[PDB]
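Source file protein.pdb; content: PDB, C-alpha atoms.
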ATOM      1  CA  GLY A   1       6.047 -15.708  19.917  1.00  0.00           C
ATOM      2  CA  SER A   2       7.361 -13.985  16.800  1.00  0.00           C
ATOM      3  CA  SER A   3      10.474 -12.155  18.000  1.00  0.00           C
ATOM      4  CA  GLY A   4      12.096  -9.748  15.562  1.00  0.00           C
ATOM      5  CA  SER A   5      12.588  -6.238  16.923  1.00  0.00           C
ATOM      6  CA  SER A   6      10.929  -6.732  20.310  1.00  0.00           C
ATOM      7  CA  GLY A   7      10.385  -9.825  22.436  1.00  0.00           C
ATOM      8  CA  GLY A   8       7.075  -8.782  23.944  1.00  0.00           C
ATOM      9  CA  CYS A   9       4.768  -5.824  24.529  1.00  0.00           C
ATOM     10  CA  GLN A  10       4.350  -3.801  27.722  1.00  0.00           C
ATOM     11  CA  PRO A  11       0.703  -2.828  28.354  1.00  0.00           C
ATOM     12  CA  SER A  12       1.817  -1.507  31.743  1.00  0.00           C
ATOM     13  CA  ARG A  13       3.884   1.332  30.281  1.00  0.00           C
ATOM     14  CA  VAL A  14       0.649   2.598  28.729  1.00  0.00           C
ATOM     15  CA  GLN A  15      -1.205   5.529  30.289  1.00  0.00           C
ATOM     16  CA  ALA A  16      -4.721   6.897  29.805  1.00  0.00           C
ATOM     17  CA  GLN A  17      -5.897  10.322  30.967  1.00  0.00           C
ATOM     18  CA  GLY A  18      -8.351  13.053  30.021  1.00  0.00           C
ATOM     19  CA  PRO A  19     -12.060  13.952  30.211  1.00  0.00           C
ATOM     20  CA  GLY A  20     -13.237  10.851  28.373  1.00  0.00           C
ATOM     21  CA  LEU A  21     -11.985   8.989  31.437  1.00  0.00           C
ATOM     22  CA  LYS A  22     -12.782  11.513  34.169  1.00  0.00           C
ATOM     23  CA  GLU A  23     -16.293  12.482  33.069  1.00  0.00           C
ATOM     24  CA  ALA A  24     -18.517  12.354  29.986  1.00  0.00           C
ATOM     25  CA  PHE A  25     -21.978  13.322  28.740  1.00  0.00           C
ATOM     26  CA  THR A  26     -24.759  11.971  26.525  1.00  0.00           C
ATOM     27  CA  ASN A  27     -24.345  12.691  22.815  1.00  0.00           C
ATOM     28  CA  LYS A  28     -21.175  14.637  23.613  1.00  0.00           C
ATOM     29  CA  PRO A  29     -17.638  14.374  22.173  1.00  0.00           C
ATOM     30  CA  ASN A  30     -15.477  12.653  24.787  1.00  0.00           C
ATOM     31  CA  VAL A  31     -11.766  12.140  24.126  1.00  0.00           C
ATOM     32  CA  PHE A  32      -8.687  11.188  26.147  1.00  0.00           C
ATOM     33  CA  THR A  33      -4.897  11.236  25.829  1.00  0.00           C
ATOM     34  CA  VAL A  34      -3.198   7.853  25.473  1.00  0.00           C
ATOM     35  CA  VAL A  35       0.580   7.774  25.902  1.00  0.00           C
ATOM     36  CA  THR A  36       2.142   4.635  24.429  1.00  0.00           C
ATOM     37  CA  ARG A  37       5.771   5.763  24.316  1.00  0.00           C
ATOM     38  CA  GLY A  38       7.590   2.592  25.324  1.00  0.00           C
ATOM     39  CA  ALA A  39       4.778   0.072  25.711  1.00  0.00           C
ATOM     40  CA  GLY A  40       5.744  -1.543  22.419  1.00  0.00           C
ATOM     41  CA  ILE A  41       4.642  -1.976  18.813  1.00  0.00           C
ATOM     42  CA  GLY A  42       1.350  -3.779  18.282  1.00  0.00           C
ATOM     43  CA  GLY A  43      -2.358  -3.251  17.737  1.00  0.00           C
ATOM     44  CA  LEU A  44      -4.359  -1.196  20.225  1.00  0.00           C
ATOM     45  CA  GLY A  45      -8.077  -1.745  20.724  1.00  0.00           C
ATOM     46  CA  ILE A  46     -10.193   0.805  22.575  1.00  0.00           C
ATOM     47  CA  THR A  47     -13.873   0.029  23.143  1.00  0.00           C
ATOM     48  CA  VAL A  48     -16.720   1.421  25.244  1.00  0.00           C
ATOM     49  CA  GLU A  49     -19.417  -0.609  26.997  1.00  0.00           C
ATOM     50  CA  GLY A  50     -22.571   0.697  28.645  1.00  0.00           C
ATOM     51  CA  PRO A  51     -26.374   1.050  28.538  1.00  0.00           C
ATOM     52  CA  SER A  52     -25.947   2.143  24.920  1.00  0.00           C
ATOM     53  CA  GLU A  53     -23.551   1.761  21.991  1.00  0.00           C
ATOM     54  CA  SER A  54     -21.206   4.749  21.765  1.00  0.00           C
ATOM     55  CA  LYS A  55     -19.807   5.957  18.440  1.00  0.00           C
ATOM     56  CA  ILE A  56     -16.049   5.505  18.812  1.00  0.00           C
ATOM     57  CA  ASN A  57     -13.517   6.896  16.337  1.00  0.00           C
ATOM     58  CA  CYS A  58      -9.764   6.288  16.435  1.00  0.00           C
ATOM     59  CA  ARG A  59      -7.420   9.171  15.625  1.00  0.00           C
ATOM     60  CA  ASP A  60      -3.773   8.878  14.584  1.00  0.00           C
ATOM     61  CA  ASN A  61      -1.401  11.545  15.899  1.00  0.00           C
ATOM     62  CA  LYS A  62       1.730  12.660  14.049  1.00  0.00           C
ATOM     63  CA  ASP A  63       3.582  13.365  17.296  1.00  0.00           C
ATOM     64  CA  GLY A  64       3.793  10.288  19.501  1.00  0.00           C
ATOM     65  CA  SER A  65       0.454   9.347  21.044  1.00  0.00           C
ATOM     66  CA  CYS A  66      -3.039   7.999  20.377  1.00  0.00           C
ATOM     67  CA  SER A  67      -6.390   9.798  20.362  1.00  0.00           C
ATOM     68  CA  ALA A  68      -9.746   8.086  20.884  1.00  0.00           C
ATOM     69  CA  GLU A  69     -13.115   9.844  20.743  1.00  0.00           C
ATOM     70  CA  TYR A  70     -16.476   8.381  21.757  1.00  0.00           C
ATOM     71  CA  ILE A  71     -20.070   9.592  22.036  1.00  0.00           C
ATOM     72  CA  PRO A  72     -22.688   7.748  24.132  1.00  0.00           C
ATOM     73  CA  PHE A  73     -26.437   7.788  23.493  1.00  0.00           C
ATOM     74  CA  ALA A  74     -27.696   7.191  27.031  1.00  0.00           C
ATOM     75  CA  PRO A  75     -26.619   8.298  30.533  1.00  0.00           C
ATOM     76  CA  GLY A  76     -25.107   5.781  32.931  1.00  0.00           C
ATOM     77  CA  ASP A  77     -21.920   4.087  34.111  1.00  0.00           C
ATOM     78  CA  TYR A  78     -19.720   3.190  31.140  1.00  0.00           C
ATOM     79  CA  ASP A  79     -16.568   1.062  31.070  1.00  0.00           C
ATOM     80  CA  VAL A  80     -13.853   2.206  28.663  1.00  0.00           C
ATOM     81  CA  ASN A  81     -11.987  -0.953  27.660  1.00  0.00           C
ATOM     82  CA  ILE A  82      -8.413  -0.599  26.410  1.00  0.00           C
ATOM     83  CA  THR A  83      -5.961  -3.299  25.333  1.00  0.00           C
ATOM     84  CA  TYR A  84      -2.506  -3.085  23.761  1.00  0.00           C
ATOM     85  CA  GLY A  85      -1.862  -5.842  21.240  1.00  0.00           C
ATOM     86  CA  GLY A  86      -3.465  -8.536  23.359  1.00  0.00           C
ATOM     87  CA  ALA A  87      -3.345  -7.415  26.983  1.00  0.00           C
ATOM     88  CA  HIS A  88      -5.379  -5.139  29.253  1.00  0.00           C
ATOM     89  CA  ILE A  89      -3.692  -1.955  30.471  1.00  0.00           C
ATOM     90  CA  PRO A  90      -3.536  -1.180  34.215  1.00  0.00           C
ATOM     91  CA  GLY A  91      -6.545   1.080  34.680  1.00  0.00           C
ATOM     92  CA  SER A  92      -9.226  -0.344  32.398  1.00  0.00           C
ATOM     93  CA  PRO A  93     -12.013  -0.584  32.155  1.00  0.00           C
ATOM     94  CA  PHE A  94     -12.184   3.099  33.090  1.00  0.00           C
ATOM     95  CA  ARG A  95     -15.518   3.916  34.729  1.00  0.00           C
ATOM     96  CA  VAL A  96     -16.944   7.241  33.553  1.00  0.00           C
ATOM     97  CA  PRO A  97     -20.116   8.929  34.868  1.00  0.00           C
ATOM     98  CA  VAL A  98     -22.144   9.701  31.743  1.00  0.00           C
ATOM     99  CA  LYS A  99     -24.753  12.341  32.573  1.00  0.00           C
ATOM    100  CA  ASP A 100     -27.556  13.740  30.415  1.00  0.00           C
ATOM    101  CA  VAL A 101     -27.221  17.253  28.994  1.00  0.00           C
ATOM    102  CA  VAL A 102     -30.949  17.707  29.590  1.00  0.00           C
ATOM    103  CA  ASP A 103     -34.030  15.550  30.154  1.00  0.00           C
ATOM    104  CA  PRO A 104     -37.071  15.757  27.839  1.00  0.00           C
ATOM    105  CA  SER A 105     -40.183  17.561  29.076  1.00  0.00           C
TER     106      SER A 105
END
Whole structure, structure tokens version:
Amino acid sequence: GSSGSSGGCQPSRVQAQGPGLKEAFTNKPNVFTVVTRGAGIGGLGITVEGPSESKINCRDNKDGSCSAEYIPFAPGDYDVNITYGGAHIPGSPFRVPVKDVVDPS
């Protein structure tokens, strides 16, 4: 396709780590570090799927990385979907055990 500065993107060079991927909670701020130094130059799309719609919010970093925060509404096994430009990175969806801070009496 359109080839100007780079032939294609490399969703493999991408890396995702942090708590938002290791473990999360209900109605709690869960974020993770996304290193895209080399992958390429396109449009990233991070989404979360589960037993409830989580409030995701992208965050631009003035250093050289990407920050994504999400907050679920119900406990369960969620699948953090991540794609760079138009491909799925090696590691997603990232299963994360979403527990409940406390159950109602």
| query | Exactly which residues make up the result of the PyMOL selection byres ((chain A and resi 42-55) around 7) on this file, given as a VMD selection string? | reply | chain A and resid 40 to 41 56 to 57 70 to 74 76 to 85
Take the selection from the previous step and output its residues with C-alpha atoms, as a compact mmCIF listing (two decimals), keeping the file's coordinate frame.
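Generated output (part05.txt):
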# COMPACT_ATOMS: atom_id res chain seq x y z
CA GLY A 40 5.74 -1.54 22.42
CA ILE A 41 4.64 -1.98 18.81
CA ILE A 56 -16.05 5.50 18.81
CA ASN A 57 -13.52 6.90 16.34
CA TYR A 70 -16.48 8.38 21.76
CA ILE A 71 -20.07 9.59 22.04
CA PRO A 72 -22.69 7.75 24.13
CA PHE A 73 -26.44 7.79 23.49
CA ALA A 74 -27.70 7.19 27.03
CA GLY A 76 -25.11 5.78 32.93
CA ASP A 77 -21.92 4.09 34.11
CA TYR A 78 -19.72 3.19 31.14
CA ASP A 79 -16.57 1.06 31.07
CA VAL A 80 -13.85 2.21 28.66
CA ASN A 81 -11.99 -0.95 27.66
CA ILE A 82 -8.41 -0.60 26.41
CA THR A 83 -5.96 -3.30 25.33
CA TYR A 84 -2.51 -3.08 23.76
CA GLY A 85 -1.86 -5.84 21.24
| task | Report as a ChimeraX atom specification the residues that result from applying the PyMOL selection byres ((chain A and resi 98) around 6) to the structure here. | result | /A:24-25,75-76,97,99
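From CA of residue 16 (chain A) back to CA of residue 91 (chain A), the distance works out to 7.8 Å.
Closest approach to residue 28 (chain A) among A:105, A:88, A:100, A:15 is made by A:100 (distances from only C-alpha atoms).
Distance-wise, CA of residue 33 (chain A) and CA of residue 17 (chain A) end up 5.3 Å apart.
Interatomic distance, CA of residue 66 (chain A) to CA of residue 93 (chain A): 17.1 Å.
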| task | Show me as a ChimeraX atom specification the residues that reach within 12 Å of (-7.7, 13.2, 31.3), counting only C-alpha atoms and using the file's own coordinates. | result | /A:15-24,30-35,67-68,94,96
Complete the atoms of region 55-72 of chain A to N, CA and C atoms and put them out as an mmCIF file, in the coordinates of the input.
data_model
loop_
_atom_site.group_PDB
_atom_site.id
_atom_site.type_symbol
_atom_site.label_atom_id
_atom_site.label_comp_id
_atom_site.auth_asym_id
_atom_site.auth_seq_id
_atom_site.Cartn_x
_atom_site.Cartn_y
_atom_site.Cartn_z
ATOM 1 N N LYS A 55 -20.510 5.835 19.711
ATOM 2 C CA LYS A 55 -19.807 5.957 18.440
ATOM 3 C C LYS A 55 -18.340 6.310 18.662
ATOM 4 N N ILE A 56 -17.479 5.300 18.619
ATOM 5 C CA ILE A 56 -16.049 5.505 18.812
ATOM 6 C C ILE A 56 -15.348 5.774 17.485
ATOM 7 N N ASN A 57 -14.278 6.561 17.536
ATOM 8 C CA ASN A 57 -13.517 6.896 16.337
ATOM 9 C C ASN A 57 -12.043 7.106 16.670
ATOM 10 N N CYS A 58 -11.198 6.201 16.189
ATOM 11 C CA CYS A 58 -9.764 6.288 16.435
ATOM 12 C C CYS A 58 -9.152 7.463 15.679
ATOM 13 N N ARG A 59 -8.095 8.037 16.245
ATOM 14 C CA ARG A 59 -7.420 9.171 15.625
ATOM 15 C C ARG A 59 -5.905 9.035 15.747
ATOM 16 N N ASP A 60 -5.226 9.005 14.605
ATOM 17 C CA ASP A 60 -3.773 8.878 14.584
ATOM 18 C C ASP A 60 -3.106 10.240 14.753
ATOM 19 N N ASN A 61 -2.119 10.303 15.641
ATOM 20 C CA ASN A 61 -1.401 11.545 15.899
ATOM 21 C C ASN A 61 0.005 11.494 15.309
ATOM 22 N N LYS A 62 0.408 12.579 14.657
ATOM 23 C CA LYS A 62 1.730 12.660 14.049
ATOM 24 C C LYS A 62 2.737 13.275 15.015
ATOM 25 N N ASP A 63 2.674 12.857 16.274
ATOM 26 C CA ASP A 63 3.582 13.365 17.296
ATOM 27 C C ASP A 63 4.187 12.222 18.103
ATOM 28 N N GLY A 64 3.325 11.408 18.706
ATOM 29 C CA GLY A 64 3.793 10.288 19.501
ATOM 30 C C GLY A 64 2.783 9.854 20.544
ATOM 31 N N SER A 65 1.521 9.750 20.135
ATOM 32 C CA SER A 65 0.454 9.347 21.044
ATOM 33 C C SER A 65 -0.771 8.877 20.267
ATOM 34 N N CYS A 66 -1.806 8.474 20.996
ATOM 35 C CA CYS A 66 -3.039 7.999 20.377
ATOM 36 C C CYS A 66 -4.242 8.783 20.891
ATOM 37 N N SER A 67 -5.191 9.051 20.000
ATOM 38 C CA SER A 67 -6.390 9.798 20.362
ATOM 39 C C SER A 67 -7.648 8.992 20.048
ATOM 40 N N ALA A 68 -8.505 8.833 21.051
ATOM 41 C CA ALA A 68 -9.746 8.086 20.884
ATOM 42 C C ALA A 68 -10.947 8.909 21.333
ATOM 43 N N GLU A 69 -11.914 9.076 20.436
ATOM 44 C CA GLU A 69 -13.115 9.844 20.743
ATOM 45 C C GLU A 69 -14.353 8.952 20.714
ATOM 46 N N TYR A 70 -15.251 9.166 21.670
ATOM 47 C CA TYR A 70 -16.476 8.381 21.757
ATOM 48 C C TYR A 70 -17.661 9.261 22.139
ATOM 49 N N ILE A 71 -18.857 8.843 21.735
ATOM 50 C CA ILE A 71 -20.070 9.592 22.036
ATOM 51 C C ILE A 71 -21.226 8.654 22.367
ATOM 52 N N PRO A 72 -21.594 8.599 23.656
ATOM 53 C CA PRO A 72 -22.688 7.748 24.132
ATOM 54 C C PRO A 72 -24.052 8.242 23.663
#
